[PDB]
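*Asks:* I have a structure I would like to understand better, so I am pasting it below and will then ask my questions one at a time.
Quick reminder, even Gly has a Cβ in these numbers, built from the backbone with ideal geometry, and neighbours come from all protein chains shown. Coordinate-derived values only; no laboratory data.
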Amino acid sequence: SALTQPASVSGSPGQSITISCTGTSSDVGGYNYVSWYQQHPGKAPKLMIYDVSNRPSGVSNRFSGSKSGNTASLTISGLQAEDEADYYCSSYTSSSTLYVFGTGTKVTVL
Amino acid sequence: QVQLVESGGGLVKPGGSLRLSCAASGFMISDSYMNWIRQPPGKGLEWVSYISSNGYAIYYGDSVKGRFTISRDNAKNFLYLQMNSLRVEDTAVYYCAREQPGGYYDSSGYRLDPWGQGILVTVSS
Amino acid sequence: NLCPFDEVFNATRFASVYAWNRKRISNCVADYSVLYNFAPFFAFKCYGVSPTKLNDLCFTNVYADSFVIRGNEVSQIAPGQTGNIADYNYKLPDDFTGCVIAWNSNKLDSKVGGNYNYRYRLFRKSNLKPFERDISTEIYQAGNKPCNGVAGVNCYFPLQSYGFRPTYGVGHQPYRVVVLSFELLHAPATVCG
């Protein structure tokens, strides 16, 4: 039981990106508790968003989460440079395992 | 503000054991639900275990079941996770993270907010 | 100045029965028309008042207690009824007035293998007066100074886990519950609307 998160994306400052994160009908769809964390190489992953629409402190409005059925999808606007980092979609389930994670996305800017 | 520093990891031989200590600073570890996250080198993240506030609810990862005991030192205010009878596939970095909505009237979904610095373990000859 | 109703019913994590939580809500305009939204509302009943008339009167001080109990014991939470959920766990008075609300939530409190997070005192020396909660840790006796840390034929641990599983019969799945209690001595009106 793991979420399927895509490989990688690429764009220049000013473009905008989306990232898909699918799942089953027990972890993502049916609970809508998915969250998203970011990790630069060499730092503990830091919380980016949770509760989808709930953006936490400090985060640039440039991130926009959304959940449709089973799929979840992030959309980041105003392509910058710091975007160079891994992004993991995580979720809380109801069988064994109270949290799963996505394969991981590498976001690189051209 | 609130730090989660780790200590106790490093190199080991296969079959042996080791113990990781998670020290919380900036707040009280005796009332914050905790849980460990393991990440192999060059892969994603994976769940390890979880302690509750009660101390009476303990949930292990399905793979670390049967080994990898967990506990808390509410006297020394740390968390301890002893990995016992390790194998070659467990080499990874480990993070000690706390669930944010640890209050009693949160009406807010869970999220691991305070992250750990993380320490590595390597299992081979 | 509305009242925080959708902040206690929308709570993310409840307390266990034996250490139930109380919260005072006052100095605000309370409306009981929004409560119908959440859950199937397996039980919503009042003693001393009728809900259709409840949106009108003003009260002295209304309290709210929340906890989680099994699904075959919901009946035990009633004025002056005997059983095992209102003898040593938590008890309400025989002259109670107010309302009770419960909704089986087996989708957020039951994991696979038994959710061992909510317990209740099975052994108590003497029953309890209304609206008192006991958190004192003590081992039951066995015709001798009770085992100081151990368990024999008797000398069992006071608290027993529920172990909720997602396959039980309806009467064994957990049920979130909340109780409203208020005086109507027409004391200085503090809440209505």
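*Asks:* Out of (1) touching a strand residue (DSSP E or B) at 6+ places or on another chain (Cβ under 7 Å); (2) loosely packed, with under 13 Cβ neighbours inside 10 Å, what's the single condition that is false for residue B:39?
*Replies:* (2)
*Asks:* Sticking with this structure for a sec: If a residue counts only when it is within 14 Å of chain A (Cβ to nearest Cβ) and either of a type in the set (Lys, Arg) or out of contact with any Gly (no Cβ under 6 Å at 6 or more places or on another chain) (or both), which strands (runs of 3 or more DSSP E) contained entirely in segment B:34-95 have at least 2 such residues? Break it down into steps so the answer makes sense when it comes.
*Replies:* Numbers: elements: B:34-39, B:46-51, B:58-60, B:69-73, B:78-84.
It comes to B:34-39, B:46-51, B:58-60.
*Asks:* Right, something else. State whether the residues of segment B:67-88 include one that is closer than 24 Å to residue A:4 by Cβ and surrounded by fewer than 19 Cβ atoms within 10 Å (Cβ to Cβ).
*Replies:* At the first step, the residues of segment B:67-88 found to be closer than 24 Å to residue A:4 by Cβ are none.
Among the residues of segment B:67-88, not one is closer than 24 Å to residue A:4 by Cβ and surrounded by fewer than 19 Cβ atoms within 10 Å (Cβ to Cβ), which makes the answer no.
*Asks:* Among (1) hydroxyl-bearing (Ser, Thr, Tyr); (2) surrounded by 21 or more Cβ atoms within 10 Å (Cβ to Cβ); (3) on the phi > 0 side of the Ramachandran plot, which single condition is residue B:110 missing?
*Replies:* Against the list (1) hydroxyl-bearing (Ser, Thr, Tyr); (2) surrounded by 21 or more Cβ atoms within 10 Å (Cβ to Cβ); (3) on the phi > 0 side of the Ramachandran plot, residue B:110 comes up short only on (3).
*Asks:* Further question: Quick check, is residue A:23 touching a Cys at 6+ places or on another chain (Cβ under 7 Å) and in contact (Cβ under 8 Å) with a residue 60 or more places away in the chain?
*Replies:* When the stated conditions are applied, residue A:23 does not pass them.
*Asks:* Show the residue pairs meeting these rules: Cβ distance below 8 Å; 6+ apart or different chains; first residue within segment B:73-88 and within 13 Å of residue B:9 (Cα to Cα); second residue acidic (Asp, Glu).
*Replies:* Close Cβ pairs (under 8 Å, with a partner that is acidic (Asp, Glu)) amount to B:80/B:73; B:83/B:90.
*Asks:* Answer yes or no as to whether residue A:68 is within 11 Å of another protein chain (Cβ to nearest Cβ), over 13 Å from residue A:87 (Cα atoms) and either surrounded by fewer than 16 Cβ atoms within 10 Å (Cβ to Cβ) or touching a residue at least 12 places away in the same chain (Cβ under 8 Å) (or both). Explain how you work it out, then say what you get.
*Replies:* On the way: within 11 Å of another protein chain (Cβ to nearest Cβ): no; over 13 Å from residue A:87 (Cα atoms): yes; either surrounded by fewer than 16 Cβ atoms within 10 Å (Cβ to Cβ) or touching a residue at least 12 places away in the same chain (Cβ under 8 Å) (or both): yes.
Against the criterion (within 11 Å of another protein chain (Cβ to nearest Cβ), over 13 Å from residue A:87 (Cα atoms) and either surrounded by fewer than 16 Cβ atoms within 10 Å (Cβ to Cβ) or touching a residue at least 12 places away in the same chain (Cβ under 8 Å) (or both)), residue A:68 does not qualify.
*Asks:* Can you report the number of residues in segment A:37-60 which are in contact (Cβ under 8 Å) with a residue 40 or more places away in the chain and more than 10 Å from chain B (Cβ to nearest Cβ)? It would help to see each step written out before you state the result.
*Replies:* Looking only at segment A:37-60, we keep the residues that are in contact (Cβ under 8 Å) with a residue 40 or more places away in the chain, and these are A:37-41, A:45.
Okay, now just the ones that are also more than 10 Å from chain B (Cβ to nearest Cβ), so A:38, A:40-41.
So the count comes out to 3.
*Asks:* Considering every residue within segment C:117-137, establish whether at least one is over 15 Å from the mean Cα position of the chain (by Cα), in contact (Cβ under 8 Å) with a residue 60 or more places away in the chain and buried (at least 19 other Cβ atoms within 10 Å of the Cβ).
*Replies:* Checked against the condition, which is being over 15 Å from the mean Cα position of the chain (by Cα), in contact (Cβ under 8 Å) with a residue 60 or more places away in the chain and buried (at least 19 other Cβ atoms within 10 Å of the Cβ), segment C:117-137 yields at least one hit.
*Asks:* Determine the pairs where a residue that is under 27 Å from residue A:41 (Cα atoms) and within 11 Å of chain A (Cβ to nearest Cβ), located within segment B:96-125, has a partner that is basic (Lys, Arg) and buried (at least 19 other Cβ atoms within 10 Å of the Cβ) with Cβ atoms under 6 Å apart, the partner being 6 or more residues away or on another chain.
*Replies:* B:100/B:111; B:114/B:98
*Asks:* Looking at segment C:26-48 only, could you name the residues that are in contact (Cβ under 8 Å) with a residue 60 or more places away in the chain and either among the β-branched types (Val, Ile, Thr) or touching a helix residue (DSSP H, G or I) at 6+ places or on another chain (Cβ under 6 Å) (or both)?
*Replies:* Across segment C:26-48, the qualifying residue is only C:29.
*Asks:* Given the structure, is residue A:37 among the aromatic types (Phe, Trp, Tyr) and part of a loop (DSSP other than H, G, I, E, B)? Talk me through it step by step, then tell me what you get.
*Replies:* Details: among the aromatic types (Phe, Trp, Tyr): yes; part of a loop (DSSP other than H, G, I, E, B): no.
Against the criterion (among the aromatic types (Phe, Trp, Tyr) and part of a loop (DSSP other than H, G, I, E, B)), residue A:37 does not qualify.
*Asks:* Find the residue count for segment A:71-110, including only residues that are within 25 Å of residue C:12 (Cβ to Cβ), more than 14 Å from chain B (Cβ to nearest Cβ) and surrounded by 19 or more Cβ atoms within 10 Å (Cβ to Cβ).
*Replies:* Within segment A:71-110, residues that are within 25 Å of residue C:12 (Cβ to Cβ), more than 14 Å from chain B (Cβ to nearest Cβ) and surrounded by 19 or more Cβ atoms within 10 Å (Cβ to Cβ) number 1.
*Asks:* For the condition surrounded by fewer than 16 Cβ atoms within 10 Å (Cβ to Cβ), of a type in the set (A, V, I, L, M, F, W, C) and within 29 Å of residue C:135 (Cα to Cα), what is the one hit in C:43, C:11?
*Replies:* Values: C:11 fails: surrounded by fewer than 16 Cβ atoms within 10 Å (Cβ to Cβ).
On inspection, the qualifying residue turns out to be C:43.
*Asks:* I'm checking my understanding of the structure. Among residues of segment C:14-33 that are within 14 Å of another protein chain (Cβ to nearest Cβ) and part of a loop (DSSP other than H, G, I, E, B), which one is surrounded by the most Cβ atoms within 10 Å (Cβ to Cβ)? Give the steps one after another, and end with the answer.
*Replies:* As a first pass, look at segment C:14-33 and keep what is within 14 Å of another protein chain (Cβ to nearest Cβ): C:14-25.
Among the residues that remain, those that are also part of a loop (DSSP other than H, G, I, E, B) are: C:14-15, C:20.
On the way: C:14: 22, C:15: 16, C:20: 19.
Filtering segment C:14-33 for residues that are within 14 Å of another protein chain (Cβ to nearest Cβ) and part of a loop (DSSP other than H, G, I, E, B), the one surrounded by the most Cβ atoms within 10 Å (Cβ to Cβ) comes out as C:14.
*Asks:* Can you name every residue in segment B:47-67 that is in contact (Cβ under 8 Å) with a residue 24 or more places away in the chain and not hydroxyl-bearing (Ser, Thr, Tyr)?
*Replies:* Correct list: B:48, B:51.
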